[PDB]
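K.L.:
Just dropping in an experimental structure and the matching sequence.
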Amino acid sequence: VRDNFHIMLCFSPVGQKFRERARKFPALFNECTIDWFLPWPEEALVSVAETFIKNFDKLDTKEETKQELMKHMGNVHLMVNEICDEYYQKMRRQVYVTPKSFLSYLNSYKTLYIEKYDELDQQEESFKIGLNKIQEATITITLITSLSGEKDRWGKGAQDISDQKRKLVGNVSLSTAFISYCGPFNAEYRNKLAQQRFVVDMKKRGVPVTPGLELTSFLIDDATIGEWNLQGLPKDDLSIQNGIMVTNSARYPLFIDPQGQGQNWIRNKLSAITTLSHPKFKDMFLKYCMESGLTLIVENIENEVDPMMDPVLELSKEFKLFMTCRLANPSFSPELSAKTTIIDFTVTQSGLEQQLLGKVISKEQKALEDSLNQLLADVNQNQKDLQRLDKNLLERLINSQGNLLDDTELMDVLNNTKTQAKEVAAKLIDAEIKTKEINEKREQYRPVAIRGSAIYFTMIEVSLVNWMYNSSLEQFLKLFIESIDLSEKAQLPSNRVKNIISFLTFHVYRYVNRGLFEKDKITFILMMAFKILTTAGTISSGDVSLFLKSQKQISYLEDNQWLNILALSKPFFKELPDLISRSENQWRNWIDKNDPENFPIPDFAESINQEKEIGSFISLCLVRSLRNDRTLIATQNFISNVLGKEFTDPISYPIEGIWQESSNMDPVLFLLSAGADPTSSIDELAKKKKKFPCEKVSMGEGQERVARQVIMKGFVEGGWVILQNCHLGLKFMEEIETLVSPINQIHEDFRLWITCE
Amino acid sequence: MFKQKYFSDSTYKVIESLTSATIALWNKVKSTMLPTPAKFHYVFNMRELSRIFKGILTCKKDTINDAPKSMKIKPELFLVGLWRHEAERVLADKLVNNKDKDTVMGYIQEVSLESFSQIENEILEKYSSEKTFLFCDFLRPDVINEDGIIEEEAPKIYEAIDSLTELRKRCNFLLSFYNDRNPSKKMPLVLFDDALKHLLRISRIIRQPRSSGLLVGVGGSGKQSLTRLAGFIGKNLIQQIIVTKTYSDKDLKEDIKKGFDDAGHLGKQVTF
Ligand SMILES: Nc1ncnc2c1ncn2[C@@H]1O[C@H](COP(=O)(O)OP(=O)(O)O)[C@@H](O)[C@H]1O
């Protein structure tokens, strides 16, 4: 048996466990031979490129450029390695690569090249049909000057796509690279970095390429774009490339989905579902979808794969499958990147303000939306009318395909062309009537949307400050729409825009404070102020870092103080530590005086402090650098200034008031600290307004079924339940979300109260 | 081993010099290049000397048959080339950067010149040259020829010579075979020079009686893909473990029992 039992072990080189696993078991690395596999060098990659280009060089015929093509393709691969490294280095988000994706990229290149070569060259065959029309007209010889633009397009479009045909081959390469590889990337790296990267490769290679990307334009007809925009696809750029990426469908995809754009899109795109965790799903739902094609959507990936999921992944020929994640910043394995494409639907603020703009136009007065959608439908149909003009030109040009001139009705046809342009002129006028009127109706509100987006991207980051400060966009949307309903319209619409800016901020602010902890109270308001000013006031992130982080000259002050002199010393911070600051005339009392900021103000820059557009921030850089002792009250002070003193004021939550928020279909969590519990007060209220004592179940071990049966009693009746100590025994928590649902109906007046740590 | 041919008028003294020059190489390499926590497994002992010899001891008379090749080959030349390839594959493999490889090959050339102080110009012309020399393989050199049945005769097994063309052609031949053996094989394996070498190394380890080899590399390097062919050529059966919905221990035990009974009672050849 030992003579004929060979053992082949294949490990990863990276991670954590490999090295100490080797140290744990000596015989493992001892007896076995050891062999390394370095990554493929450029020679191997060009070899693969020519193995795949020989069989694919049917239409791409060019000597002395093919060899440079295969070379440059290797260069592209070596580069996406480096881009991966840089992304992980800066953003601490994992990215991987495999030769399988390179092969798939070659597949995409070949397939979409034969497709676009054949299609666009049938169109260029039609450019040559235009040449045939010109030739037959000339040799046979009113219309010749009417077809000035027509003959010009017929010649020059073909001549451009032709003389740049190798540059257009380059364009195909850029497009298919950006498709296949640049799925999982953020907006700074997506286009900018990748584009400059590929075009510098092309310039160094000296192979010819066309100026201008316009990736979306020459990929998909805008008719399907509009059709999707009816299907809920967001009207902005990033969603456009995302839809393209799903369209190409090189492999089954997997989305990073902080908000839920993809789930709703697929829910609407062609479908109009079965979760991963279900005993029937693993057996039933699989066989139904695999033998009759139900499309089997999944929505609960959390990096944990039931292994049976995989060999299904890699035999009905009518079956597809889209599956997505929920929690952002995934930690997907390298090979989970090998199988499926990855797409990030991390919302940018840029699209966010348009979405909020649409929703405010809705709720503030529906007549604005009536005018909006009316003119928008009209102008969309008028774009389609320009398309119908194009159809009319094509009909004029190739329906007869001979004897166009003998058709004297062609004269009427020529006139018909003119008539269509006339309605385009009306549409042209509408483009002005749109781009001012709706725009000013939007300019009344697009500041608001800006603020709204700012607020949201503030409250995102506190989640990274600590877990459990996590919430959706949906709750924020409910709060936003409500705020509009609560106080928005009185009269004098511009004044009510200013009242938006007053009220919305306070509403969302208080909502988040209800969950915040003491030491984080001051911080969230501080971040809100900065994120407000990073757009309007254009406050430098460098000056922010100056405000966060930071002696020969002066003699009286302390070494503890001289550290701070050098801290401030390294615009006019490096211009006024001299004899101005070293006067030592009256500021000695100042540094002695308590509350330096308020009564004994620095007169070092009296006008700068007077202006106040930035003078606050200047005063604060000064206060921190000089006296870190009194940072926090100064923090309260300029918060009161730039945001209003209403923020720096006490709040205490009336539990009777809070009860009004809790509908039956939402629970009440409680993030408590040592030496504090509201349980007595909750019971007291349940004796005051409600007439019965609540039931209580403490988490632990062997309490799931007890909790479930008491909850069922509450469902049928309408009592109150008090869970306790959820910080251990978390396996029951995931069940609760399924229970509290619209499906299983619940009697009114049923509340739930949750406590944890 | 020596007292079989008796044709070594001078190659016996050489052979002893090989016995000592392996030791000289062992001393130099073991001293010079060390383990650090990024290259912790750079560990050397007396095992590798045994492995070197275990590789050498083969071809009781197949080494003598230089007459078919005679590619400017004296009988000793093939022997020193075998020594070189052996020392490379037992020492010049488990090293991380190609530079480390380049220095061990420099060591090898220096030591070969040191011992081989009687034909040094010939080795410099032919095998100490960086050009490819004596790729050793078992299935390429002989062709079944499919006379009456496909597997007409077991190929000669001991040795092969240096060439890349017929290597790739038989590899593609074999790839087509593997395609029609396995339903839904779905294996677009691209065969380039380094991939061919890696398949050769897997062959070297799998074949040997009482051998095994740890394979390291990032995913996508293909080792899991390469081993399937490498096992099929060697007739070895292969089985993988499947982690059920319940992750437990009994699957391992029953699978190993079946493996032994394949390699025991039945006595077949297997791989894990
Ligand atoms: N030489 C190769 N050429 C093309 N594709 C490859 C090659 N090697 C591996 N792959 C791709 O990588 C996938 C996984 O290969 P695998 O053998 O698991 O590599 P590793 O063992 O390094 O993870 C395969 O399904 C295959 O598509």
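P.N.:
Looks like it came in fine. Numbering: from 1, shown residues only, chains lettered A, B, ... in the order given.
K.L.:
measure residue B:12 to residue B:121 for me?
P.N.:
To residue B:121, residue B:12 is 22 Å away according to Cβ to Cβ, to the nearest Å. The C-beta positions use only the backbone N, C-alpha and C, and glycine is treated the same way.
K.L.:
got it, and residue A:684?
P.N.:
From residue A:684 to residue B:121 the distance is 104 Å (Cβ to Cβ).
K.L.:
try residue B:229
P.N.:
The gap separating residue B:229 from residue B:121 is 41 Å, by Cβ to Cβ.
K.L.:
The two - which one has more neighbours?
P.N.:
residue B:229 (20 against 10; other Cβ atoms under 10 Å in any protein chain shown).
K.L.:
Setting the sequence-adjacent residues aside, check what's closest to that one.
P.N.:
Distance criterion Cβ to Cβ, 6 or more residues apart in numbering or on different chains; nearest residue to residue B:229, sequence neighbours excluded, is residue B:178 at 5.8 Å.
K.L.:
again, but for residue A:323
P.N.:
Take residue A:323 and drop its neighbours on the chain: the residue closest to it by Cβ to Cβ, 6+ apart is residue A:298, 3.8 Å away.
K.L.:
State the phi and psi torsions of the one you found.
P.N.:
Backbone torsions of residue A:298, given as degrees, to the nearest 10, read phi -130, psi 150.
K.L.:
you'd agree it is up against residue A:324?
P.N.:
Yes. Residue A:298 is within contact range of residue A:324, at 7.5 Å (criterion: Cβ atoms under 8 Å).
K.L.:
interface residues of the stretch 1-150 of chain B facing chain A?
P.N.:
Proximity of the stretch 1-150 of chain B to chain A, by Cβ under 8 Å from any Cβ of the partner chain, involves residues B:40-41, B:43, B:47, B:51, B:93-96, B:98.
K.L.:
at 6 Å what do you get?
P.N.:
Contact residues, the stretch 1-150 of chain B versus chain A (Cβ under 6 Å from any Cβ of the partner chain): B:41, B:93-94.
K.L.:
got JSON lines for those, with neighbour count, secondary structure and distance to residue A:361 too?
P.N.:
Conversion of these to JSON lines gives the following (neighbours: other Cβ atoms under 10 Å in any protein chain shown; DSSP: H, G, I helix; E, B strand; the rest coil; distance: Cβ to Cβ, whole Å):
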{"residue": "B:41", "neighbour count": "13", "secondary structure": "coil", "distance to residue A:361": "66"}
{"residue": "B:93", "neighbour count": "16", "secondary structure": "coil", "distance to residue A:361": "69"}
{"residue": "B:94", "neighbour count": "20", "secondary structure": "coil", "distance to residue A:361": "67"}
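K.L.:
Out of the residues you listed, which is nearest to chain A?
P.N.:
residue B:94 (3.9 Å; Cβ to the nearest Cβ).
K.L.:
Can you tell me the closest non-neighbouring residue to the closest one?
P.N.:
Nearest to residue B:94 is residue A:34, by Cβ to Cβ, 6+ apart, at 3.9 Å.
K.L.:
For the one you found, the count of nearby residues, please.
P.N.:
What residue A:34 shows, counting by other Cβ under 10 Å, is a neighbour count of 15.
K.L.:
For my notes, confirm it occurs in a helix.
P.N.:
No. Counting by DSSP: H, G, I helix; E, B strand; the rest coil, residue A:34 is not part of a helix but strand.
K.L.:
Can you name the helix or strand that residue 123 falls in?
P.N.:
Let's take chain A. Counting by DSSP states H and E, the element that carries residue A:123 is helix A:99-140.
K.L.:
ah, I was thinking of chain B
P.N.:
Judged by DSSP H and E, residue B:123 forms part of helix B:120-126.
K.L.:
Next to chain B in this structure, residues from chain A, please.
P.N.:
Selection of chain A residues close to chain B by Cβ under 6 Å from any Cβ yields A:1, A:3-11, A:13, A:29, A:32-37, A:44, A:47-48, A:98-99, A:307, A:334-335.
K.L.:
Residue of the stretch 301-450 of chain A closest to the ligand, please.
P.N.:
Nearest to the ligand in the stretch 301-450 of chain A, going by Cβ to the nearest ligand atom, is residue A:338, at a distance of 6.0 Å.
K.L.:
is it fair to say that residue lies in a helix?
P.N.:
Yes. Counting by three-state DSSP, one finds residue A:338 located in a helix.
K.L.:
With residue A:46 as the reference, measure out to the closest residue to it other than its chain neighbours.
P.N.:
Sequence neighbours aside, residue A:98 is the residue nearest to residue A:338 in space, at 4.3 Å (criterion: Cβ to Cβ, 6+ apart). Going from residue A:98 to residue A:46 by Cβ to Cβ gives 19 Å.
K.L.:
again, but for residue A:585
P.N.:
Residue A:585 is 76 Å from residue A:46, by Cβ to Cβ.
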